[PDB]
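Residue numbers (the numbering used here), protein chains in the order written: chain W, 1 to 491; chain R, 1001 to 1491.
Below is one structure, written out as structure tokens; the observations come after it.
2 protein chains.
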Amino acid sequence: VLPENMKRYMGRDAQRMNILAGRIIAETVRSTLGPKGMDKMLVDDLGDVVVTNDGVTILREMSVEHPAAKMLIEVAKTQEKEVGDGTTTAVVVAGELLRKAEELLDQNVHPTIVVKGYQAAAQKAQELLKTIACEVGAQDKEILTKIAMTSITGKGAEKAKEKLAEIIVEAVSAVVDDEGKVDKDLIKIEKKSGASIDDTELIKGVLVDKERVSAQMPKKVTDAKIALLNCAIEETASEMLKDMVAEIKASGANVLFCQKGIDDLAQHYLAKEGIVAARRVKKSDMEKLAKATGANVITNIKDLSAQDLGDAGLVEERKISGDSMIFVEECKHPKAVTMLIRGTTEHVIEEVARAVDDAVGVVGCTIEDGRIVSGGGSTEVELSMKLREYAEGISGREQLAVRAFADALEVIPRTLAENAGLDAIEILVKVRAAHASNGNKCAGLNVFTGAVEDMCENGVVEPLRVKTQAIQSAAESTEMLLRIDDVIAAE
Amino acid sequence: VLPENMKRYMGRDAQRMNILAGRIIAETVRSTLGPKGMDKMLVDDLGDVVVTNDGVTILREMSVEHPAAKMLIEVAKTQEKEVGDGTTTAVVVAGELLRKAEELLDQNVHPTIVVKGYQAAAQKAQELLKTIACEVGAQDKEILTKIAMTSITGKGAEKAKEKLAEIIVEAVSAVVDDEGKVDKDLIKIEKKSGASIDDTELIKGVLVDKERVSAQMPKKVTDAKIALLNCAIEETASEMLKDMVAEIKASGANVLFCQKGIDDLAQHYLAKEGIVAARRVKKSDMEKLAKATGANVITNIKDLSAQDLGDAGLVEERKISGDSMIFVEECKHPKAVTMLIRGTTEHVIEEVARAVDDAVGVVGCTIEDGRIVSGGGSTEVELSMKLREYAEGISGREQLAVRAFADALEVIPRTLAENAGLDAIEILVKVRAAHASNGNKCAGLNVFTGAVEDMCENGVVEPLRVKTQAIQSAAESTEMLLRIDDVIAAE
């Protein structure tokens, strides 16, 4: 009757295997979300040994056995590539969810009915998540720097947060054309040693990774006409390589970045005339230096010409913490802007590089939705006491659906209390009571002193595409995994 | 500290053994409550075989081992003294109220919390019972019948409930003086063979269990002057025996009932004149026949008189079921009141004699207190959705407790319906929603239909003392229990 891999589990047998798998990797992930947790150390196979707190990776490495348990990576995985933030959230409440869906299924529910609850309480939840929404519109600066600070919390520096959420709002407020499309690609993040957390600056242009070629070429130009060649100023020795260099100084460059190198004796001519030049320079390089400086990007070094060519307000080669790089400031029309990040080690620079990228992301969310929620746990307790009262509206089995799915929304505000060594059942009361009466806004779980607070007036708050995706893609993922009743296993 | 007798437990060690205590005893007698509940077969160390439903006697005969188990007979035992039904009630949801409690001293709250709850929610629950009280008067007759039929429910004739309700009303609106005290002892319940369930009749008088001794007496007397001797017709032969019987004739007596005997030359003398007389008749049927008749109860024979003596339209010796009995009807001033009971055998007889004694008790309760309150399960449901709401009120520890005691109050009307088979999710939704909107009087649990019911309008309702006593007795005896925190045992 079957063959090829076959040991077979319906009903109880089934329950066990899909609950244990999903419970598992929740426990995994429970104590990594927000201010109150904690670090994990992986090791595979290659005996290789790897500290991390962040949920995707964490289930990536760990070669899994449970196939059912494999379909749950899948649901943290599609929350990182998309939005980013909330890996954690989508998933954890995807295992909790399921525990609670066990108590029932042991009431012999018709798995039928329990889904007929958590669907109509997904849906309603949409109508809830949308109103607690405390609308503040798109380019208001106050709030931009409260969505940006929350882009920077639980992090190796949330400290900076006020200087990492400023030159960020200036750098996305400066990129986006026709209010309501929201571009990342544009904001590069360079990371150099020396400073503090607050000496991060926003050069209206492009800061690349580039020496001066020829030691010839003046180490700084004033009002410079930067060229872009993506393609060859290599030909083989004497003549060819002279005709390429005397045609750059024919058109109008002082400044040249070529994605395709330089020889010796051709930088000697470049520096003969007062032309500086930057070798090997990356095509990442190229496009940024194009919108910085103002450039239309060419093919070769042989089309290089002042007209497809830029305008730039200072251009020095600056050695910065024992490495040379090329700056390109005062930029006329930056689409797209680089933010210099001063910094600790490469590790706190990188992070203030990621505490902008996911800041520009998340504000490219308050362009397209200029909603703002709910200071982490906040909107949960609100959804709580609404959707409880929603339940007294359904009737039948779907009663017992929607009640359970509210009371498991208290999962996340709970653990972030517990992790915090707090009395849960006091605060819960504190926050719930203060949310029905203040609003969206006001109604928080602050870690610190331990009591309900204005994540708003702090503000401490996060974008709205974050909360939205994290809950939907999670919620419907764990009702798939709900619903397979029959496991015939095998490799 | 230690030995003889003792092992010790604190912690989860104690906790378990009392709980086990607890749940078990209860598991036993949950099944027996209500429309929908079954028998149980007891056997003692004697060998004796014993089949009963009633939860006092169940727990009384099985030789119980756990001391803590021993605390818990005394909480169904006191409920039977009082009211009667609630045995069952007082002690199951005693056991249930434990199991919940569990979930919390596991918890880890401080048993001081639990209890903090359960006492404000017992208070409150006082305020609630008070209200779901549906209004009406002392000797109203629809509500007399209702409270009568619900003293006749889930017993061997709930049968003739209608006919058993109406002769009891009659019998207790007969007895009371100054409306607001209902006396018991004065409604005698005489069992005999042959009738049906509905042919049960109120002779405003007394019907005893003596025949006419001496064959010479008067097989029927018209307007008779009954005489009440507690004292010996008993003297040593010839003379002393006749001027005691000549003394009865000298007053007025047609009729006579002596506590004590009659020697055979004596009843030959009282039959000589037309005197009837009744042999070995107890103390019992002595201050019965005196409320019937209108007598005042004297010492000896001698004593006998016109006076001290009664008045009674009809006194005939009627074979009934082929047992001789003496009837004493059309009594002029009856304070007290035999109610002849015909059915099927002995059992159906005696049963309508129990189904009137509880019916004269609870009667006696709606005299003194003017309230009526629904079975099966109006007042449960209504406390549920009120005491839920009353939680949101409270704040802290005490939240938790009062939600767990309102949930507790549902399991009786859940089982209730299970017993049936009786998906209880739907109905409970049914009866709850109906109650918040109609009232006290019309939100039922009628087994038969399957549906929410006007207990009132149908008939089906209990008194007030029954549900008041029930409640409080049970709730603070399981709190108690839940206190003990240290067992040292035994020998």
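All residues carry an ideal CB built from backbone N, CA and C; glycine is no exception.
According to the Cβ coordinates, are residue i and residue j closer than 8 Å?
{"i": "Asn1254(R)", "j": "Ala1278(R)", "result": "no"}
{"i": "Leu1229(R)", "j": "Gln1259(R)", "result": "yes"}
{"i": "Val51(W)", "j": "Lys40(W)", "result": "yes"}
{"i": "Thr1153(R)", "j": "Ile1341(R)", "result": "no"}
{"i": "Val1411(R)", "j": "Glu1096(R)", "result": "yes"}
{"i": "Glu1234(R)", "j": "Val1373(R)", "result": "no"}
{"i": "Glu350(W)", "j": "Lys242(W)", "result": "no"}
{"i": "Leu1072(R)", "j": "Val1091(R)", "result": "yes"}
{"i": "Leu481(W)", "j": "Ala68(W)", "result": "yes"}
{"i": "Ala125(W)", "j": "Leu387(W)", "result": "yes"}
{"i": "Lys1036(R)", "j": "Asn1419(R)", "result": "yes"}
{"i": "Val208(W)", "j": "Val281(W)", "result": "yes"}
{"i": "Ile203(W)", "j": "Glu329(W)", "result": "yes"}
Ends of the alpha helix (DSSP H) at residue i?
{"i": "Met1455(R)", "result": "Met1455 to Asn1458"}
{"i": "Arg354(W)", "result": "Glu346 to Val363"}
{"i": "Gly1313(R)", "result": "Run containing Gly1313(R): none in the alpha helix (DSSP H); it sits in the beta strand (DSSP E), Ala1312 to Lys1319."}
{"i": "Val1043(R)", "result": "That residue, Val1043(R), is in no alpha helix (DSSP H); its beta strand (DSSP E) goes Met1041 to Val1043."}
{"i": "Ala1125(R)", "result": "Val1114 to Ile1132"}
{"i": "residue 1494(R)", "result": "Past the edges of chain R, shown from 1001 to 1491, lies residue 1494(R), and the structure says nothing about it."}
{"i": "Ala306(W)", "result": "Looking at the DSSP string, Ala306(W) is not in any alpha helix (DSSP H), and its letter there is neither H nor E."}
{"i": "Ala266(W)", "result": "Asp264 to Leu270"}
{"i": "residue 499(W)", "result": "This structure leaves residue 499(W) out entirely; chain W is present only between 1 and 491."}
{"i": "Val176(W)", "result": "Segment: none, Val176(W) is in no alpha helix (DSSP H) and carries neither H nor E."}
{"i": "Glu65(W)", "result": "Note, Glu65(W): premise wrong, no alpha helix (DSSP H); not H, not E."}
{"i": "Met1071(R)", "result": "Element bounds for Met1071(R): n/a, residue is neither H nor E."}
{"i": "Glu389(W)", "result": "Element bounds for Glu389(W): n/a, residue is neither H nor E."}
{"i": "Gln1399(R)", "result": "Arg1397 to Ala1408"}
{"i": "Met480(W)", "result": "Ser477 to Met480"}
{"i": "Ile1412(R)", "result": "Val1411 to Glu1418"}
{"i": "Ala1290(R)", "result": "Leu1289 to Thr1293"}
Residues bridged to residue i by DSSP?
{"i": "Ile1341(R)", "result": "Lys1191(R)"}
{"i": "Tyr1009(R)", "result": "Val1487(R)"}
{"i": "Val1208(R)", "result": "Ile1326(R)"}
{"i": "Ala451(W)", "result": "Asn446(W)"}
{"i": "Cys331(W)", "result": "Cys331(W) is not bridged to any residue."}
Note the first and the last residue of the continuous beta strand (DSSP E) segment covering residue i.
{"i": "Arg1371(R)", "result": "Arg1371 to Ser1374"}
{"i": "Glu201(W)", "result": "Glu201 to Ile203"}
{"i": "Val51(W)", "result": "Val49 to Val51"}
{"i": "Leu256(W)", "result": "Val255 to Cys258"}
Determine the closest residue to residue i out of the options, with distance taken between C-alpha atoms.
{"i": "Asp1185(R)", "options": "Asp1285(R), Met1071(R) and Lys1319(R)", "result": "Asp1285(R)"}
{"i": "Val360(W)", "options": "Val83(W), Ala120(W) and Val29(W)", "result": "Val83(W)"}
{"i": "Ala165(W)", "options": "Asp177(W), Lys141(W) and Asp178(W)", "result": "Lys141(W)"}
{"i": "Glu1127(R)", "options": "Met1455(R), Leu1383(R), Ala1417(R) and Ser1031(R)", "result": "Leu1383(R)"}
{"i": "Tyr1269(R)", "options": "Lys1283(R), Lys1288(R), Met1240(R) and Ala1014(R)", "result": "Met1240(R)"}
{"i": "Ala1436(R)", "options": "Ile1320(R), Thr1379(R), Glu1211(R) and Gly1370(R)", "result": "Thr1379(R)"}
{"i": "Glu1368(R)", "options": "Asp1183(R), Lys1007(R), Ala1121(R) and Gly1055(R)", "result": "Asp1183(R)"}
{"i": "residue 959(R)", "options": "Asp1323(R), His1347(R), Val1276(R) and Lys1302(R)", "result": "Chain R is shown from 1001 up to 1491; residue 959(R) falls before or after that span and cannot be answered."}
{"i": "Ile1471(R)", "options": "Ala1094(R), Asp1106(R) and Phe1257(R)", "result": "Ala1094(R)"}
{"i": "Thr236(W)", "options": "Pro218(W), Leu265(W) and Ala125(W)", "result": "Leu265(W)"}
{"i": "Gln79(W)", "options": "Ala195(W), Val169(W), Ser477(W) and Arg371(W)", "result": "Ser477(W)"}
{"i": "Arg354(W)", "options": "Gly137(W), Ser473(W) and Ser151(W)", "result": "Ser151(W)"}
{"i": "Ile320(W)", "options": "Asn296(W), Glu346(W), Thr299(W) and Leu309(W)", "result": "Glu346(W)"}
{"i": "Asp454(W)", "options": "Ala443(W), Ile197(W), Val466(W) and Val447(W)", "result": "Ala443(W)"}
{"i": "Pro218(W)", "options": "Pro35(W), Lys249(W), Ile197(W) and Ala271(W)", "result": "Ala271(W)"}
{"i": "residue 1517(R)", "options": "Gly1310(R), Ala1475(R) and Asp1263(R)", "result": "Missing from the structure shown is residue 1517(R); chain R here goes from 1001 to 1491 and no further."}
{"i": "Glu102(W)", "options": "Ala404(W), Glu457(W), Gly439(W) and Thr468(W)", "result": "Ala404(W)"}
{"i": "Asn458(W)", "options": "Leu464(W), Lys441(W), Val466(W) and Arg465(W)", "result": "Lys441(W)"}
{"i": "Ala1174(R)", "options": "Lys1077(R), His1333(R) and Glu1491(R)", "result": "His1333(R)"}
{"i": "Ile113(W)", "options": "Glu398(W), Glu491(W) and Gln469(W)", "result": "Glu398(W)"}
So, does the CB of residue i fall closer than 8 Å to a CB anywhere in chain C?
{"i": "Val1411(R)", "result": "This model lacks chain C altogether; the protein chains it does include are W and R."}
Against chain W, which members of the region 1423-1450 of chain R pass a CB distance test of less than 8 Å?
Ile1425, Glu1426, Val1429 and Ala1433
When you check each C-beta in the region 1376-1406 of chain R against every C-beta of chain W, which residues fall closer than 8 Å?
Of all residues in the region 1376-1406 of chain R, only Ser1395, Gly1396, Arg1397, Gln1399 and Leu1400 place a beta-carbon less than 8 Å from a beta-carbon of chain W.
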